[PDB]
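A single chain comes next, written as structure tokens; it is the form deposited in one PDB entry.
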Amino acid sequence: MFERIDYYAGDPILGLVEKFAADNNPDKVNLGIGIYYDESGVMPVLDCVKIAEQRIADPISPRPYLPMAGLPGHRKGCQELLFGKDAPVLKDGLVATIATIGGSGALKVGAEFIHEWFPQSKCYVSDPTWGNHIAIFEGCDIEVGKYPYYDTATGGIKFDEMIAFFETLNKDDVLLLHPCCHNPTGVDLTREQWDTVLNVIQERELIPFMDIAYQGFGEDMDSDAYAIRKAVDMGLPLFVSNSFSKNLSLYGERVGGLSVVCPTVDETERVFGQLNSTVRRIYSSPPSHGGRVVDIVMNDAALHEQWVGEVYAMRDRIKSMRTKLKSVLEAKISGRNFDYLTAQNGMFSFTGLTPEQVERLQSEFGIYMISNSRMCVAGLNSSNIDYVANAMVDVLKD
């Protein structure tokens, strides 16, 4: 009956968290999952979230179904963050937006929409990409391919090879792009590079699906959203999935959004209706709590401002560890370049360590990373940094 069902190998990222918790080392360090940890080494509750949550709890409200699209303020908050407050596209009523179960739920709903309305469309993800990108899209019965992205030889982007790749594709083929803070390489495109990319997307009439999960961790909110906002300004059929998991430090509550930028108000209504309908088929409506937190924080002027402040402090703390690590690494190893540490953006960096070197760090030192050498920089702090440096140089000499 069930003997035919295959064993599930386990999620590489989420299985690793349990190996970390199950490990009983004094100096254990988790650079595996894309979570931000404070200077103390613990996952913070943002102050703005704390105020918001005290509001929700005072008093305790009845809990009806949210609209399928989630809360108006949650939707507005997604939109204003991605496109800009008072953006003409928003004022023209041209973006259809739903609350989703994290960035993951946004990717699902989006891909399902794409599958249904563009059944011949093939999706293409970065080489490499965040693993779950492939799983979500194939889950909708869409054929998934890679586009050359990361120059595994140089630690930069195979830009020409990538561009030449996008010229070969079919109309309405879907590119799954990282607007900023690449997962897992940390290697982003320059503005100028985005311009050329987005020019090709137009000429070839491909569908951009931008997946953004670390807005505010790269440069700043508006700057990180460049690729999104440019695409809008060019008039492209845009899909955006956004996540508040990371910048609201609210991973567990499953907060995200999906926005579809449309040619007309009436097409917006149609797509929005379709989005609502896709949601109905998957989970009916999104969770209330996470929704309210997003709503309350995004649309309270003082909380929004405080939140922006808190995201940048996170961004700054990550950036300072990049340079603190680079400097203590620099001194210990002569024969190697460490420029990638301060050149990459976001929570992640490709260290360029072999799967073996990654696993020696795990076994001997209790330092956790993905086998592809991805390191979550956020797990570093002034306590563990001399320890991780010392460990890295000990695995690099060997």
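Shifts are known only where both forms have a C-alpha. Throughout, rigid core stands for the largest set of C-alpha atoms superposing within 1.5 Å between the two forms. All residue numbers are counted from 1 along the displayed sequence.
So 41-49 or 353-361, which one's hotter by mean CA B-factor in the entry? Higher mean C-alpha B-factor in the PDB entry: 353-361.
Higher-B stretch (mean Cα B-factor, as the entry records it), 281-289 or 147-155: Between 281-289 and 147-155, it is 147-155.
Of 168, 274, 183, 223, which one's C-alpha B factor is largest in the deposited record? The listed residue with the largest C-alpha B-factor is 168.
Based on what the PDB entry reports, which of 36, 65, 368, 348 has the top C-alpha B-factor? So the option with the highest C-alpha B-factor is 368.
Mind checking which third residue 102 falls in for C-alpha B-factor across the chain? Tercile = lowest for this residue's CA B-factor.
Among the modelled residues of its chain, does the C-alpha B-factor of residue 257 lie in the lowest, middle or highest third? Tercile = lowest for this residue's CA B-factor.
Would you mind checking where the Cα B-factor of residue 310 ranks among the modelled residues of its chain, as the lowest, middle or highest third? For residue 310, whose C-alpha B-factor we compare with every modelled residue in the chain, the answer is the middle third.
Residue 132 CA temperature factor, ranked by third within the chain: For residue 132, whose C-alpha B-factor we compare with every modelled residue in the chain, the answer is the middle third.
Among the chain's modelled residues, which third holds the C-alpha B-factor of residue 89? Residue 89: CA B-factor falls in the middle third of its chain.
As for the form deposited in another entry, it is not shown, yet the points below apply to it.
Residue 62 C-alpha shift between the shown form and the other one of 2 Å or more, rigid core reference: No, the C-alpha position differs by under 2 Å between the shown form and the other one.
On a core-based superposition, does residue 383 travel 2 Å or more at its Cα between the shown form and the other one? No, the C-alpha moves less than 2 Å.
With the core fixed, which bits of the chain, 3+ residues long, show every Cα moving 2 Å or more between the shown form and the other one? This is the sole shifted run between the shown form and the other one: 17-26.
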